[PDB]
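Content type mmCIF, C-alpha atoms and all ligand atoms, from the file model-v4.cif:
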data_run
loop_
_atom_site.group_PDB
_atom_site.id
_atom_site.type_symbol
_atom_site.label_atom_id
_atom_site.label_comp_id
_atom_site.auth_asym_id
_atom_site.auth_seq_id
_atom_site.Cartn_x
_atom_site.Cartn_y
_atom_site.Cartn_z
ATOM 1 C CA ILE A 1 -115.056 10.424 14.888
ATOM 2 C CA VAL A 2 -112.606 7.836 16.309
ATOM 3 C CA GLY A 3 -114.037 4.631 17.792
ATOM 4 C CA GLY A 4 -117.606 5.461 16.784
ATOM 5 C CA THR A 5 -120.281 3.783 14.681
ATOM 6 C CA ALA A 6 -122.477 4.733 11.738
ATOM 7 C CA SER A 7 -125.499 6.827 12.651
ATOM 8 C CA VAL A 8 -129.103 5.996 11.800
ATOM 9 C CA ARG A 9 -130.623 8.329 9.223
ATOM 10 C CA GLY A 10 -132.474 11.162 10.964
ATOM 11 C CA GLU A 11 -131.194 10.425 14.457
ATOM 12 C CA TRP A 12 -129.132 13.650 14.613
ATOM 13 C CA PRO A 13 -131.481 15.950 12.707
ATOM 14 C CA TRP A 14 -129.777 19.162 13.943
ATOM 15 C CA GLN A 15 -126.406 18.061 12.421
ATOM 16 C CA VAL A 16 -125.381 19.800 9.220
ATOM 17 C CA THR A 17 -122.355 19.486 6.920
ATOM 18 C CA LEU A 18 -120.912 22.879 5.958
ATOM 19 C CA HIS A 19 -119.104 22.778 2.615
ATOM 20 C CA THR A 20 -116.794 25.121 0.782
ATOM 21 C CA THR A 21 -116.883 25.307 -3.005
ATOM 22 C CA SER A 22 -113.294 26.612 -3.299
ATOM 23 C CA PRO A 23 -111.220 25.397 -5.084
ATOM 24 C CA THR A 24 -113.520 22.419 -5.595
ATOM 25 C CA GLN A 25 -116.358 21.401 -3.333
ATOM 26 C CA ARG A 26 -115.574 19.661 -0.033
ATOM 27 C CA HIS A 27 -116.791 19.198 3.538
ATOM 28 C CA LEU A 28 -115.364 21.871 5.818
ATOM 29 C CA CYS A 29 -116.950 21.560 9.259
ATOM 30 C CA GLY A 30 -119.901 20.300 11.266
ATOM 31 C CA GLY A 31 -122.558 22.544 12.767
ATOM 32 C CA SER A 32 -125.981 22.516 14.464
ATOM 33 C CA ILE A 33 -129.372 23.922 13.467
ATOM 34 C CA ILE A 34 -130.501 26.094 16.381
ATOM 35 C CA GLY A 35 -133.168 28.217 14.636
ATOM 36 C CA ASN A 36 -134.852 28.337 11.248
ATOM 37 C CA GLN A 37 -132.202 30.655 9.779
ATOM 38 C CA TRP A 38 -129.330 29.812 12.169
ATOM 39 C CA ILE A 39 -126.432 27.331 12.375
ATOM 40 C CA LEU A 40 -124.132 27.274 15.382
ATOM 41 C CA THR A 41 -120.586 26.163 14.700
ATOM 42 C CA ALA A 42 -116.936 26.877 15.594
ATOM 43 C CA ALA A 43 -115.184 30.147 14.702
ATOM 44 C CA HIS A 44 -111.967 28.356 13.671
ATOM 45 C CA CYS A 45 -113.766 26.786 10.683
ATOM 46 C CA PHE A 46 -113.602 30.134 8.835
ATOM 47 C CA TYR A 47 -109.856 30.625 8.800
ATOM 48 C CA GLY A 48 -109.120 32.253 5.442
ATOM 49 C CA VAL A 49 -112.786 32.265 4.364
ATOM 50 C CA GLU A 50 -113.099 35.670 2.721
ATOM 51 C CA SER A 51 -116.775 35.655 1.839
ATOM 52 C CA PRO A 52 -119.920 33.671 2.768
ATOM 53 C CA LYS A 53 -120.511 33.142 -0.960
ATOM 54 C CA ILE A 54 -118.234 30.089 -1.060
ATOM 55 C CA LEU A 55 -120.242 28.238 1.665
ATOM 56 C CA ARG A 56 -123.018 25.667 1.332
ATOM 57 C CA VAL A 57 -124.953 24.183 4.255
ATOM 58 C CA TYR A 58 -126.526 20.757 3.747
ATOM 59 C CA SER A 59 -129.143 19.524 6.221
ATOM 60 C CA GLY A 60 -130.831 16.146 6.449
ATOM 61 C CA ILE A 61 -127.686 14.364 5.302
ATOM 62 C CA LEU A 62 -126.519 10.961 6.452
ATOM 63 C CA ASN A 63 -124.067 10.134 3.670
ATOM 64 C CA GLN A 64 -121.780 12.636 1.960
ATOM 65 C CA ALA A 65 -122.576 10.704 -1.279
ATOM 66 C CA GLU A 66 -126.050 12.313 -1.157
ATOM 67 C CA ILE A 67 -124.355 15.590 -2.051
ATOM 68 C CA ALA A 68 -123.924 16.220 -5.778
ATOM 69 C CA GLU A 69 -124.066 19.224 -8.084
ATOM 70 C CA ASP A 70 -127.899 18.848 -8.296
ATOM 71 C CA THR A 71 -128.488 18.586 -4.495
ATOM 72 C CA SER A 72 -130.250 21.487 -2.765
ATOM 73 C CA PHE A 73 -128.386 23.454 -0.094
ATOM 74 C CA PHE A 74 -128.698 26.585 2.030
ATOM 75 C CA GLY A 75 -126.700 29.641 1.110
ATOM 76 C CA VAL A 76 -125.000 31.649 3.806
ATOM 77 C CA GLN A 77 -125.858 35.339 4.086
ATOM 78 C CA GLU A 78 -123.592 36.131 7.004
ATOM 79 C CA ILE A 79 -120.849 34.670 9.149
ATOM 80 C CA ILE A 80 -120.906 35.937 12.727
ATOM 81 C CA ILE A 81 -117.750 35.204 14.751
ATOM 82 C CA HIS A 82 -117.529 36.012 18.475
ATOM 83 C CA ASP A 83 -115.678 39.350 18.695
ATOM 84 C CA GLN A 84 -113.301 38.001 21.372
ATOM 85 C CA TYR A 85 -112.237 34.969 19.332
ATOM 86 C CA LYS A 86 -108.550 34.726 18.439
ATOM 87 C CA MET A 87 -108.072 30.952 18.236
ATOM 88 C CA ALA A 88 -109.691 27.694 19.343
ATOM 89 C CA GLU A 89 -107.365 26.985 22.261
ATOM 90 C CA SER A 90 -107.968 30.336 23.961
ATOM 91 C CA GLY A 91 -111.783 30.054 23.872
ATOM 92 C CA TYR A 92 -114.674 31.965 22.291
ATOM 93 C CA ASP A 93 -114.588 29.395 19.536
ATOM 94 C CA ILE A 94 -118.162 29.976 18.405
ATOM 95 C CA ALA A 95 -119.794 31.284 15.316
ATOM 96 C CA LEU A 96 -123.239 31.719 13.835
ATOM 97 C CA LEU A 97 -124.165 31.304 10.189
ATOM 98 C CA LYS A 98 -127.217 33.248 9.077
ATOM 99 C CA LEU A 99 -128.746 31.325 6.198
ATOM 100 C CA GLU A 100 -130.119 33.025 3.057
ATOM 101 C CA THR A 101 -133.382 31.034 3.302
ATOM 102 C CA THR A 102 -135.140 29.412 6.251
ATOM 103 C CA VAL A 103 -135.035 25.729 7.121
ATOM 104 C CA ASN A 104 -138.400 23.985 6.867
ATOM 105 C CA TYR A 105 -138.369 21.579 9.776
ATOM 106 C CA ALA A 106 -139.148 17.907 9.272
ATOM 107 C CA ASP A 107 -138.215 14.517 10.720
ATOM 108 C CA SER A 108 -134.870 14.810 8.821
ATOM 109 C CA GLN A 109 -134.005 18.365 9.979
ATOM 110 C CA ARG A 110 -134.967 20.287 13.080
ATOM 111 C CA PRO A 111 -133.276 22.453 15.748
ATOM 112 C CA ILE A 112 -131.586 21.330 18.939
ATOM 113 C CA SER A 113 -132.442 23.094 22.194
ATOM 114 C CA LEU A 114 -129.779 25.230 23.829
ATOM 115 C CA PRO A 115 -129.102 24.541 27.499
ATOM 116 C CA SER A 116 -130.683 26.767 30.118
ATOM 117 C CA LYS A 117 -128.605 28.720 32.651
ATOM 118 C CA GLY A 118 -130.540 26.663 35.262
ATOM 119 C CA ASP A 119 -128.844 23.506 33.882
ATOM 120 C CA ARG A 120 -125.283 24.541 34.919
ATOM 121 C CA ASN A 121 -125.684 22.120 37.843
ATOM 122 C CA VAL A 122 -126.988 19.261 35.623
ATOM 123 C CA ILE A 123 -124.855 16.098 35.507
ATOM 124 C CA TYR A 124 -125.217 14.890 31.911
ATOM 125 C CA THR A 125 -124.645 11.142 31.640
ATOM 126 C CA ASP A 126 -125.745 10.592 28.028
ATOM 127 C CA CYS A 127 -123.500 12.733 25.784
ATOM 128 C CA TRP A 128 -122.646 12.050 22.125
ATOM 129 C CA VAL A 129 -120.237 13.539 19.586
ATOM 130 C CA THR A 130 -121.045 13.215 15.871
ATOM 131 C CA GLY A 131 -119.517 14.010 12.498
ATOM 132 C CA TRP A 132 -117.985 13.003 9.201
ATOM 133 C CA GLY A 133 -114.408 13.498 10.459
ATOM 134 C CA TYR A 134 -111.389 11.223 10.387
ATOM 135 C CA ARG A 135 -111.581 7.788 12.062
ATOM 136 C CA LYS A 136 -107.874 8.186 12.933
ATOM 137 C CA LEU A 137 -105.229 10.976 12.931
ATOM 138 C CA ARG A 138 -104.201 10.348 9.294
ATOM 139 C CA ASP A 139 -107.353 9.472 7.351
ATOM 140 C CA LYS A 140 -110.067 11.181 5.269
ATOM 141 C CA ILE A 141 -113.604 12.552 5.557
ATOM 142 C CA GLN A 142 -116.067 9.689 6.030
ATOM 143 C CA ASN A 143 -119.119 9.021 3.868
ATOM 144 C CA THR A 144 -121.495 8.113 6.713
ATOM 145 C CA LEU A 145 -122.160 10.334 9.773
ATOM 146 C CA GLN A 146 -120.479 8.754 12.798
ATOM 147 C CA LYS A 147 -121.411 8.837 16.456
ATOM 148 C CA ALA A 148 -119.687 8.085 19.733
ATOM 149 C CA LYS A 149 -120.818 8.200 23.298
ATOM 150 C CA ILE A 150 -118.306 10.013 25.473
ATOM 151 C CA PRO A 151 -118.394 10.905 29.167
ATOM 152 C CA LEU A 152 -117.926 14.470 30.368
ATOM 153 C CA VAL A 153 -114.865 15.140 32.513
ATOM 154 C CA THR A 154 -114.571 17.865 35.119
ATOM 155 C CA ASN A 155 -112.692 21.053 34.198
ATOM 156 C CA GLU A 156 -110.223 20.404 37.041
ATOM 157 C CA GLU A 157 -109.584 16.956 35.623
ATOM 158 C CA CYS A 158 -109.289 18.410 32.102
ATOM 159 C CA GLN A 159 -106.851 21.096 33.332
ATOM 160 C CA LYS A 160 -104.541 18.346 34.680
ATOM 161 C CA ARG A 161 -104.390 16.862 31.183
ATOM 162 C CA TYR A 162 -103.537 20.194 29.467
ATOM 163 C CA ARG A 163 -100.969 21.822 31.766
ATOM 164 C CA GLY A 164 -99.804 24.157 28.956
ATOM 165 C CA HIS A 165 -103.324 25.591 28.449
ATOM 166 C CA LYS A 166 -105.944 27.430 30.467
ATOM 167 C CA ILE A 167 -109.174 25.379 30.671
ATOM 168 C CA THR A 168 -111.787 28.013 31.437
ATOM 169 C CA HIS A 169 -115.375 27.734 32.651
ATOM 170 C CA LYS A 170 -116.404 28.649 29.073
ATOM 171 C CA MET A 171 -115.033 25.287 27.990
ATOM 172 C CA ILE A 172 -116.240 21.794 28.686
ATOM 173 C CA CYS A 173 -114.249 18.583 28.249
ATOM 174 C CA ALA A 174 -115.136 14.991 27.403
ATOM 175 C CA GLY A 175 -113.156 11.809 26.980
ATOM 176 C CA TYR A 176 -112.276 8.350 28.319
ATOM 177 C CA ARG A 177 -109.193 8.207 30.570
ATOM 178 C CA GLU A 178 -107.934 5.402 28.323
ATOM 179 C CA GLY A 179 -108.838 7.236 25.091
ATOM 180 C CA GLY A 180 -110.210 5.334 22.071
ATOM 181 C CA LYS A 181 -113.342 7.436 21.333
ATOM 182 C CA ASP A 182 -113.263 11.110 20.377
ATOM 183 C CA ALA A 183 -113.896 13.761 17.749
ATOM 184 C CA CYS A 184 -111.116 14.180 15.131
ATOM 185 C CA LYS A 185 -110.301 16.227 12.021
ATOM 186 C CA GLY A 186 -113.399 17.233 10.052
ATOM 187 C CA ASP A 187 -115.651 16.894 13.130
ATOM 188 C CA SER A 188 -114.968 20.384 14.379
ATOM 189 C CA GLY A 189 -117.896 22.807 14.684
ATOM 190 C CA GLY A 190 -120.273 19.904 15.273
ATOM 191 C CA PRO A 191 -122.357 19.228 18.387
ATOM 192 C CA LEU A 192 -121.693 17.552 21.667
ATOM 193 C CA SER A 193 -125.328 16.565 22.232
ATOM 194 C CA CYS A 194 -126.526 15.379 25.667
ATOM 195 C CA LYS A 195 -129.871 13.720 26.395
ATOM 196 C CA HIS A 196 -131.405 14.739 29.731
ATOM 197 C CA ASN A 197 -135.026 14.228 30.828
ATOM 198 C CA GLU A 198 -135.814 12.883 27.347
ATOM 199 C CA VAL A 199 -134.673 16.079 25.556
ATOM 200 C CA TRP A 200 -131.460 16.628 23.554
ATOM 201 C CA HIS A 201 -129.423 19.709 24.533
ATOM 202 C CA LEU A 202 -126.554 21.332 22.660
ATOM 203 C CA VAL A 203 -123.971 21.180 25.437
ATOM 204 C CA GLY A 204 -120.766 21.679 23.418
ATOM 205 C CA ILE A 205 -119.246 22.621 20.112
ATOM 206 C CA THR A 206 -116.293 20.482 18.976
ATOM 207 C CA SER A 207 -113.300 22.785 19.263
ATOM 208 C CA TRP A 208 -109.789 21.427 19.975
ATOM 209 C CA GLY A 209 -107.599 18.795 21.572
ATOM 210 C CA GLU A 210 -104.220 17.073 21.359
ATOM 211 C CA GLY A 211 -104.352 14.488 18.554
ATOM 212 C CA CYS A 212 -107.498 12.334 18.526
ATOM 213 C CA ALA A 213 -108.670 9.782 21.119
ATOM 214 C CA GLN A 214 -105.334 9.688 22.972
ATOM 215 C CA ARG A 215 -105.273 8.452 26.536
ATOM 216 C CA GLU A 216 -105.491 11.246 29.121
ATOM 217 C CA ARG A 217 -106.227 13.873 26.430
ATOM 218 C CA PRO A 218 -109.967 14.588 26.505
ATOM 219 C CA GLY A 219 -111.647 16.649 23.779
ATOM 220 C CA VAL A 220 -112.268 20.303 24.469
ATOM 221 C CA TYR A 221 -115.574 21.867 23.541
ATOM 222 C CA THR A 222 -117.026 25.341 23.651
ATOM 223 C CA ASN A 223 -119.382 25.400 26.698
ATOM 224 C CA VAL A 224 -122.586 26.464 24.976
ATOM 225 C CA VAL A 225 -124.529 27.494 28.146
ATOM 226 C CA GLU A 226 -122.015 30.338 28.662
ATOM 227 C CA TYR A 227 -122.988 31.803 25.264
ATOM 228 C CA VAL A 228 -126.803 31.883 25.519
ATOM 229 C CA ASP A 229 -126.817 35.679 25.966
ATOM 230 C CA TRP A 230 -124.440 36.166 23.020
ATOM 231 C CA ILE A 231 -126.542 33.865 20.836
ATOM 232 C CA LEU A 232 -129.703 35.765 21.737
ATOM 233 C CA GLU A 233 -127.994 39.116 21.081
ATOM 234 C CA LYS A 234 -126.500 38.047 17.752
ATOM 235 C CA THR A 235 -129.675 36.353 16.467
ATOM 236 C CA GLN A 236 -132.110 39.155 17.467
HETATM 237 N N1 LIG A 301 -111.463 16.219 20.367
HETATM 238 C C1 LIG A 301 -110.183 16.244 19.867
HETATM 239 N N2 LIG A 301 -109.390 15.253 20.383
HETATM 240 N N3 LIG A 301 -109.725 17.091 19.005
HETATM 241 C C2 LIG A 301 -110.752 18.044 18.600
HETATM 242 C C3 LIG A 301 -110.900 17.877 17.109
HETATM 243 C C4 LIG A 301 -111.325 19.186 16.495
HETATM 244 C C5 LIG A 301 -110.163 19.883 15.824
HETATM 245 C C6 LIG A 301 -109.592 19.054 14.697
HETATM 246 N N4 LIG A 301 -109.377 19.891 13.547
HETATM 247 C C7 LIG A 301 -110.308 19.897 12.540
HETATM 248 O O1 LIG A 301 -111.366 19.283 12.578
HETATM 249 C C8 LIG A 301 -109.886 20.785 11.408
HETATM 250 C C9 LIG A 301 -110.396 22.163 11.774
HETATM 251 C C10 LIG A 301 -110.217 23.141 10.671
HETATM 252 C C11 LIG A 301 -111.229 23.376 9.763
HETATM 253 C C12 LIG A 301 -111.038 24.292 8.748
HETATM 254 C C13 LIG A 301 -109.846 24.978 8.650
HETATM 255 C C14 LIG A 301 -108.837 24.750 9.559
HETATM 256 C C15 LIG A 301 -109.027 23.833 10.567
HETATM 257 N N5 LIG A 301 -110.533 20.224 10.247
HETATM 258 C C16 LIG A 301 -109.763 19.624 9.291
HETATM 259 O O2 LIG A 301 -108.570 19.401 9.445
HETATM 260 C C17 LIG A 301 -110.435 19.285 8.020
HETATM 261 C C18 LIG A 301 -111.656 19.857 7.708
HETATM 262 C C19 LIG A 301 -112.259 19.536 6.514
HETATM 263 C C20 LIG A 301 -111.646 18.652 5.646
HETATM 264 N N6 LIG A 301 -112.251 18.324 4.432
HETATM 265 C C21 LIG A 301 -111.708 17.464 3.505
HETATM 266 O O3 LIG A 301 -112.241 17.174 2.444
HETATM 267 C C22 LIG A 301 -110.397 16.849 3.841
HETATM 268 C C23 LIG A 301 -109.825 17.161 5.008
HETATM 269 O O4 LIG A 301 -108.615 16.620 5.366
HETATM 270 C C24 LIG A 301 -110.430 18.079 5.959
HETATM 271 C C25 LIG A 301 -109.818 18.405 7.155
#
What do you get writing this file as C-alpha cells?
Ligand SMILES: NC(N)=NCCCCCNC(=O)[C@H](Cc1ccccc1)NC(=O)c1ccc2[nH]c(=O)cc(O)c2c1
Amino acid sequence: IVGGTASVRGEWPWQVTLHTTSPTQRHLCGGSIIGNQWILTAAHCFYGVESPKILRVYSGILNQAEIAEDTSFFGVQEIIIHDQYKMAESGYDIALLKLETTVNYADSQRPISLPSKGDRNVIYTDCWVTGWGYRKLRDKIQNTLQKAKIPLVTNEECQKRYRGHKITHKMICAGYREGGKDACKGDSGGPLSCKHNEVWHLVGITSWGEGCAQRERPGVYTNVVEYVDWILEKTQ
C-alpha cells in the first residue's frame, strides 16, 4: 500500500496473507475470508503454482513477523480459478481457495459480506484498500498490514485513464486524480472493503494498474457484485 498507514490489530479480520513455501516461505498475495472454508482472491496470484500443497493461508495476522515455522496455518485443498480468466487486465481475475480445515471465527478472524445485486446503485463513500505490499514501486513486503482510504471512480472516468485497455462493467476502479494512495506489489488479491450502513462489504479484489499511486492512473479491481452467482456456484 502506497501512502497508507499501519492498521490496528483485528480491524480487517477478513484479510489473510497467502504464502508459498517454494523455494523458501514468503508472502504471495492478499485475500479475504468469505466463508468458513473459503478465501476469495485474484486468479493472477497462481501463475506457475502447480499444486495447492505449496500454499499456506494465515488469518488473524497483523505483522508478518508473527509467522514462523511453529505458527498455525490453513492448508489449501483446492484452487478454483474462473474458467474465463486469461490475465488480470482482461478481467475475470478471481479465484477461490477451498481450505483443508474450517476457520473458527473470532474477533481476529471472520468473513466479510459480499455485496448484493441490489447494491449496484449504491454510492460507496467509505472504501479502503489493505495489504502488506510495497510502499513504493521498488520496495519490499511490509511487516505491518497497511490501509488507505481511496475514492471510487466511475468506469467512464477510469476508461479515459486507460485508453489502451477495455474497462468493463465487471471491473471497478479507485484512485485520487493526483495519485499518492493506492495498492502496489504484494497487495494483489486483497480486498477493496467499503463500509455502508454500518456494514463492511467486499466491493473489489485488487487486480491491476499502471505502476502504483500515479496521478490519473486509478487502481483496477475485480467488481465482486458481478461474481455473486459464480461464487455461489463454485462454493456449493
Ligand atoms: N492498484 C495498482 N495501482 N496496481 C494494482 C496492484 C496489483 C498488481 C501488482 N502486482 C502484484 O501485487 C504482484 C502480483 C503477482 C503475484 C504473484 C505472481 C505474479 C504476480 N505481486 C508481486 O509482485 C509480489 C508478490 C509477492 C511478493 N513476495 C515477496 O516476498 C517479495 C516480493 O517482491 C513479492 C512481489
Return as an MDAnalysis selection string the residues of protein, DNA or RNA that approach ligand LIG 301 (chain A) to within 6 Å, with only C-alpha atoms and all ligand atoms taken into account. chainID A and resid 26:29 45 47 140:141 182:188 206:213 219:220
Would you save the residues from that selection as a tab-separated table (two decimals), in the frame of the given file, using C-alpha atoms?
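Final output, saved to result_22.tsv:
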chain	number	residue	atom	x	y	z
A	26	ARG	CA	-115.57	19.66	-0.03
A	27	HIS	CA	-116.79	19.20	3.54
A	28	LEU	CA	-115.36	21.87	5.82
A	29	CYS	CA	-116.95	21.56	9.26
A	45	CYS	CA	-113.77	26.79	10.68
A	47	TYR	CA	-109.86	30.62	8.80
A	140	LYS	CA	-110.07	11.18	5.27
A	141	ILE	CA	-113.60	12.55	5.56
A	182	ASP	CA	-113.26	11.11	20.38
A	183	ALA	CA	-113.90	13.76	17.75
A	184	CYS	CA	-111.12	14.18	15.13
A	185	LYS	CA	-110.30	16.23	12.02
A	186	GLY	CA	-113.40	17.23	10.05
A	187	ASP	CA	-115.65	16.89	13.13
A	188	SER	CA	-114.97	20.38	14.38
A	206	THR	CA	-116.29	20.48	18.98
A	207	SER	CA	-113.30	22.78	19.26
A	208	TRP	CA	-109.79	21.43	19.98
A	209	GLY	CA	-107.60	18.80	21.57
A	210	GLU	CA	-104.22	17.07	21.36
A	211	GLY	CA	-104.35	14.49	18.55
A	212	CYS	CA	-107.50	12.33	18.53
A	213	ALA	CA	-108.67	9.78	21.12
A	219	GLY	CA	-111.65	16.65	23.78
A	220	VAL	CA	-112.27	20.30	24.47
Using Å and a single decimal, report how far atom CA of residue A:127 sits from atom CA of residue A:20. 28.7 Å
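Note that the spacing between atom CA of residue A:128 and atom CA of residue A:150 amounts to 5.8 Å.
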One decimal place gives the atom CA of residue A:77-atom CA of residue A:54 separation as 10.6 Å
Can you pull out every residue within 6 Å of stretch 108-125 of chain A, counting only C-alpha atoms, but drop anything in the same chain fewer than 6 positions away, and send it as a PyMOL selection string? chain A and resi 10+13-14+33-35+60+201-202+225
If we count only C-alpha atoms, what is near residue A:102 at a cut-off of 10 Å, once residues fewer than 4 positions away on the same chain are taken out, given as a ChimeraX atom specification? /A:35-38,74-75,98
Specify as a list in words each residue included when the PyMOL selection byres (((chain A and resi 68) around 12) and not hetatm) is applied to this file.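 Written out, the selection comes to residues 19, 21, 25, 26, 56, 58, 61, 63, 64, 65, 66, 67, 69, 70, 71, 72 and 73 of chain A.
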Tell me which of A:78, A:107, A:126, A:93 sits closest to residue A:227, counting all atoms listed in the file. A:93
So which residues get picked by the PyMOL selection byres (((chain A and resi 91) around 10) and not hetatm) here, written as a list in words? residues 43, 82, 84, 85, 86, 87, 88, 89, 90, 92, 93, 94, 166, 167, 168, 169, 170, 171, 207, 208, 220, 221, 222 and 223 of chain A
List every protein, DNA or RNA residue that has at least one atom no more than 10 Å from (-127.3, 14.1, 13.2) in the file's coordinates, counting all atoms listed in the file, and write the result as a ChimeraX atom specification. /A:7-17,30-32,59-62,108-110,129-131,145-147,190-191,193
Have a look at A:135, A:234, A:217, A:195 and name the one nearest to residue A:157; count only C-alpha atoms.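 The answer is A:217, which sits nearest to residue A:157.
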Since fewer atoms than expected are present, regenerate N, CA and C atoms for stretch 132-144 of chain A and write them as an mmCIF file, keeping the file's coordinate frame.
data_model
loop_
_atom_site.group_PDB
_atom_site.id
_atom_site.type_symbol
_atom_site.label_atom_id
_atom_site.label_comp_id
_atom_site.auth_asym_id
_atom_site.auth_seq_id
_atom_site.Cartn_x
_atom_site.Cartn_y
_atom_site.Cartn_z
ATOM 1 N N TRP A 132 -118.499 13.704 10.375
ATOM 2 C CA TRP A 132 -117.985 13.003 9.201
ATOM 3 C C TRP A 132 -116.445 13.008 9.205
ATOM 4 N N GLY A 133 -115.863 13.365 10.347
ATOM 5 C CA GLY A 133 -114.408 13.498 10.459
ATOM 6 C C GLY A 133 -113.629 12.200 10.362
ATOM 7 N N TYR A 134 -112.315 12.338 10.470
ATOM 8 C CA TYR A 134 -111.389 11.223 10.387
ATOM 9 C C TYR A 134 -111.696 10.173 11.457
ATOM 10 N N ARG A 135 -111.466 8.908 11.119
ATOM 11 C CA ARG A 135 -111.581 7.788 12.062
ATOM 12 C C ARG A 135 -110.231 7.504 12.736
ATOM 13 N N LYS A 136 -109.184 8.185 12.275
ATOM 14 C CA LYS A 136 -107.874 8.186 12.933
ATOM 15 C C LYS A 136 -107.059 9.395 12.444
ATOM 16 N N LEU A 137 -105.961 9.706 13.134
ATOM 17 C CA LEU A 137 -105.229 10.976 12.931
ATOM 18 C C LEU A 137 -104.880 11.274 11.460
ATOM 19 N N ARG A 138 -104.454 10.246 10.728
ATOM 20 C CA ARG A 138 -104.201 10.348 9.294
ATOM 21 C C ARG A 138 -105.227 9.478 8.581
ATOM 22 N N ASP A 139 -106.166 10.132 7.899
ATOM 23 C CA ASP A 139 -107.353 9.472 7.351
ATOM 24 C C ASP A 139 -108.040 10.476 6.402
ATOM 25 N N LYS A 140 -109.324 10.280 6.130
ATOM 26 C CA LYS A 140 -110.067 11.181 5.269
ATOM 27 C C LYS A 140 -111.468 11.389 5.833
ATOM 28 N N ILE A 141 -112.206 12.298 5.205
ATOM 29 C CA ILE A 141 -113.604 12.552 5.557
ATOM 30 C C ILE A 141 -114.401 11.301 5.228
ATOM 31 N N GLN A 142 -115.265 10.895 6.155
ATOM 32 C CA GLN A 142 -116.067 9.689 6.030
ATOM 33 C C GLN A 142 -117.360 9.939 5.269
ATOM 34 N N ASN A 143 -117.835 8.923 4.556
ATOM 35 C CA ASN A 143 -119.119 9.021 3.868
ATOM 36 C C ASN A 143 -120.275 9.139 4.864
ATOM 37 N N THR A 144 -120.364 8.199 5.794
ATOM 38 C CA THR A 144 -121.495 8.113 6.713
ATOM 39 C C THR A 144 -121.252 8.833 8.038
#
